[PDB]
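*Asks:* part one of the assembly, not moved from where it sits:
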Amino acid sequence: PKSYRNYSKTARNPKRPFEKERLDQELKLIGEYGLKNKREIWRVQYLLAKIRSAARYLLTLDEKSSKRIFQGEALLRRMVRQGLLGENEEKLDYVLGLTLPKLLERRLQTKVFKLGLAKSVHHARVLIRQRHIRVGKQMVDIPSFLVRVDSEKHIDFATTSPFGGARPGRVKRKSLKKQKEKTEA
Amino acid sequence: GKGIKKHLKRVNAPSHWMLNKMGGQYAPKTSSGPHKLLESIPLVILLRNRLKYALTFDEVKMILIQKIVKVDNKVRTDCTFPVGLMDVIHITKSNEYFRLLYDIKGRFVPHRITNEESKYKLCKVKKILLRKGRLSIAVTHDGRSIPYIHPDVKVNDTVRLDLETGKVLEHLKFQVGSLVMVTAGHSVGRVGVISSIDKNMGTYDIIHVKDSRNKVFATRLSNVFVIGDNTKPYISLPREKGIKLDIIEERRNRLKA
């Protein structure tokens, strides 16, 4: 028979392929956060739309209802744990005010750039892809990793990286080799 | 041909067995015996999935070959024998005793009773028959015939049965004040007392049960099991004592570190 494992999509197309303002705004965001395609913007938009839909549905529902209490507390806890709400705006009405730059600020790339530790956002993306970064004793190499609140104080270089106290790379060792046979003969 | 079916597919097995939806296309397909398929659990599931003693089916087999597992005081070697509600289990090698019960969800658990409690169980009466010579026989939920039943026993109350000898010790009536456990939909491990009985003529009888937190629920008559008099129960209960909280306060409790 067919396998019982399933799958789902994560993005969507804009329905209007040549609108000028949307295109300029997307280029703004891509150049600001150093991304690859329009697909990344579209996937973040998809996620935000799901969140907002849940919030709207709960807000229509009766005050001090059981379903409202349970699901609203769960959603607010998730949002505050992700690092998107804060402390004085956990009210299920500040969820509807969340914008795209809010979510797109939590990527490991932006965090690695902002925490010193890298000269540029493109440099940040290159370092993540070359196994130089850890998030709490686990080495991570995916720039779309979204950092949670209790994990943003453990970002650091990896112990197996030349930038974090290990042997140097394939270029240093070859230069040192060649220099050794030059200086011993 | 179109005869009796012999196989069971995994996604069609009863959901309270909690079988992985990967790793296989089949389920153990319990045998015929004292309990129905849907109100029971095979011995392989108990002894591999729950207690984690075996890692495969073949290890359950090599456990049961050496005759050390007794249900209701008799050794069994059938890997798909049905094990049912009030049944006591003894593993001689480890010197352990269990009784299956429902938790507040619909899933069976082994309760880990002691040795003195391991000498009896409770059976509920399903019907009473009159046979040749005007002798009475009782039929229990356990698929069991009891001859020479007491004249004051009716077709819905419960009795307490000795296991070394199949004789009756005492019986408990089915009244307004009796203590009950419920065994079907929407409320499967709930314990309450009883509030009222309805007795609709051609259709089902509805009865109401009041919890120890003054919560009220109702169900059919045919899924009610009397387990004590007004004061106290006659068996030990799992940790929760049949007290079902709702999701909000259950979640609140689970977050107490």
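*Replies:* Structure received. Residues are numbered from 1 along each chain as shown, chains lettered A, B, ... in the order given.
*Asks:* now the end-to-end length of stretch B:176-195.
*Replies:* Counting by C-alpha to C-alpha, to the nearest Å, the length from the leading to the trailing residue of stretch B:176-195 is 6 Å.
*Asks:* what comes into contact with it?
*Replies:* Identification of contacts with stretch B:176-195 by C-beta atoms under 8 Å, 6 or more residues apart in numbering or on different chains yields B:39, B:85, B:101-106, B:172, B:175, B:196-197, B:207-212, B:215-217, B:219-220, B:223-230, B:232-233, B:237-238, B:240-244. C-beta here means a position set from N, CA and C on the backbone, and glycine is covered the same way.
*Asks:* tell me the centre residue of the chain?
*Replies:* Reading this off chain A. With distances taken as C-alpha atoms, centre = their mean, residue A:107 lies nearest the centre of chain A, 2.2 Å away.
*Asks:* can you look at chain B instead?
*Replies:* Central residue check for chain B by C-alpha atoms, centre = their mean: the C-alpha nearest the mean position is that of residue B:85, 1.5 Å away.
*Asks:* tell me the secondary structure of that one, please.
*Replies:* In the three-state summary, residue B:85 is assigned as coil, counting by DSSP: H, G, I helix; E, B strand; the rest coil.
*Asks:* throw chain C on there as well:
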Amino acid sequence: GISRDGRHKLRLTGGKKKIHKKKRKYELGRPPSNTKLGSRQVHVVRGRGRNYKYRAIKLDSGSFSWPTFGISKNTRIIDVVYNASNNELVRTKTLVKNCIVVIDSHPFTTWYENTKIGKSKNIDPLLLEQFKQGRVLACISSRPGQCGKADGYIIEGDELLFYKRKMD
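*Replies:* That brings us to chain C, laid onto the chains above:
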């Protein structure tokens, strides 16, 4: 062979059905037993769960009762005289459930030489005129094609008057 399904009948509206199933062998209809007056003949046929029933092919005696007293006696069957379904079965002398037969009455008259508490029953005359010639009229009450036997009871009362008027 013979089937007992209703897939080949017309609907109550008069329309006809389209068949998309073969015969299923759990609606058999095996042929009838036309039991006849003669020396004993019984065959065997098995049902579903290997339950046997006994086909009679020829019988000439059985167990007969006298309902007024509650006594049963073995006796011999002489002839069939009336069938209420059709008279083609009195035609060939076939035994079915509701037949009328004539039987030997000597065992019943002999047994009456003990006169259990019905000592004041005042046997009606028509039965006495029947007893004088040695033969009486009875009605079969078993199903010979299923049990392999033929039992009955003595006819009396308005029962007798009805069946006597029907036969003249």
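*Asks:* quick one on the thing from earlier: got the phi/psi numbers for the residue nearest to the centre of chain B?
*Replies:* phi -70, psi -70 (degrees, to the nearest 10).
*Asks:* the longest strand belonging to chain B pairs with which strands?
*Replies:* The single longest strand within chain B, with elements called by DSSP state E, is strand B:120-131. Taking DSSP bridges as the criterion, strand B:120-131 pairs within the sheet with strand B:135-140 (antiparallel), strand B:158-162 (antiparallel).
*Asks:* my guess is the residue nearest to the centre of chain A contacts residue A:143, does it?
*Replies:* Yes: under the criterion of C-beta atoms under 8 Å, residue A:107 is in contact with residue A:143, at a separation of 6.2 Å.
*Asks:* give me the distance between the residue in chain C that chain B sits nearest to and chain A.
*Replies:* Across chain C, no residue is closer to chain B than residue C:24, which sits at 9.1 Å (C-beta to the nearest C-beta). Using C-beta to the nearest C-beta, to the nearest Å, we find residue C:24 at a distance of 30 Å from chain A.
*Asks:* so that residue sits in a strand?
*Replies:* No: counting by three-state DSSP, residue C:24 is located in no strand; its state is coil.
*Asks:* mind adding RNA strand D? sequence follows:
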RNA sequence: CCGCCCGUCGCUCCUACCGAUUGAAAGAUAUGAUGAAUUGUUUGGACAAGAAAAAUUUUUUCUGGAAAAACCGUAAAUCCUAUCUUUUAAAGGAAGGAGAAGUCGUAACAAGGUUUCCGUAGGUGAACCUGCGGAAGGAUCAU
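*Replies:* Okay, here's RNA strand D dropped in alongside the others:
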């Protein structure tokens, strides 16, 4: 207005229609005729075990029992008729659409040079003309 535009007729191309030929083909259903195989009951009786004094057997048998027949049933299949559904040939006849600089007239648009139009009925190469009753969507909101 040196505007626009209508219909026959002649040429080419494509689509569909009527059509003698008791036209042709493939399936479906019903009635009839003949009917393989086989359940049941009856008939039959190669022979296998039986009761007889005799010496291994003479005709007597309660039994068991193969081939083979008959009858009532369950009924594949073949054929002959009768309708029905689908596809399809054709002398000849007669429409529509498209194309090309064709021939004849000028019916409509202005009071289009006889105001236009409706129903009906006649007639004429063609557009159309004429009788009878109606409308204004008229060229008159008025004596």
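*Asks:* related to what we said a few turns ago, was I right to think the residue nearest to the centre of chain A contacts residue A:140?
*Replies:* No: with contacts defined as C-beta under 8 Å, residue A:107 does not count as touching residue A:140, sitting 11.7 Å away.
*Asks:* now the helices for chain C?
*Replies:* Counting by DSSP state H, chain C has helices at residues C:88-91, C:106-111, C:125-133, C:144-147, C:158-166.
*Asks:* what's the most buried one of the ones you listed?
*Replies:* helix C:144-147 (a mean of 18; mean count of other C-beta atoms under 10 Å in any protein chain shown).
*Asks:* so does it get close to RNA strand D?
*Replies:* No: residues of helix C:144-147 contacting RNA strand D under C-beta under 7 Å from any atom of the strand: none, with a closest distance of 11.0 Å.
*Asks:* which other helices and strands does that helix contact?
*Replies:* strand C:52-59 (3 or more C-beta pairs under 8 Å, 6 or more residues apart in numbering or on different chains; DSSP states H and E).
*Asks:* okay, buried residues for the strand it packs on please.
*Replies:* Applying a neighbour-count criterion of 16 or more other C-beta atoms under 10 Å in any protein chain shown, one finds C:55-57, C:59 buried in strand C:52-59.
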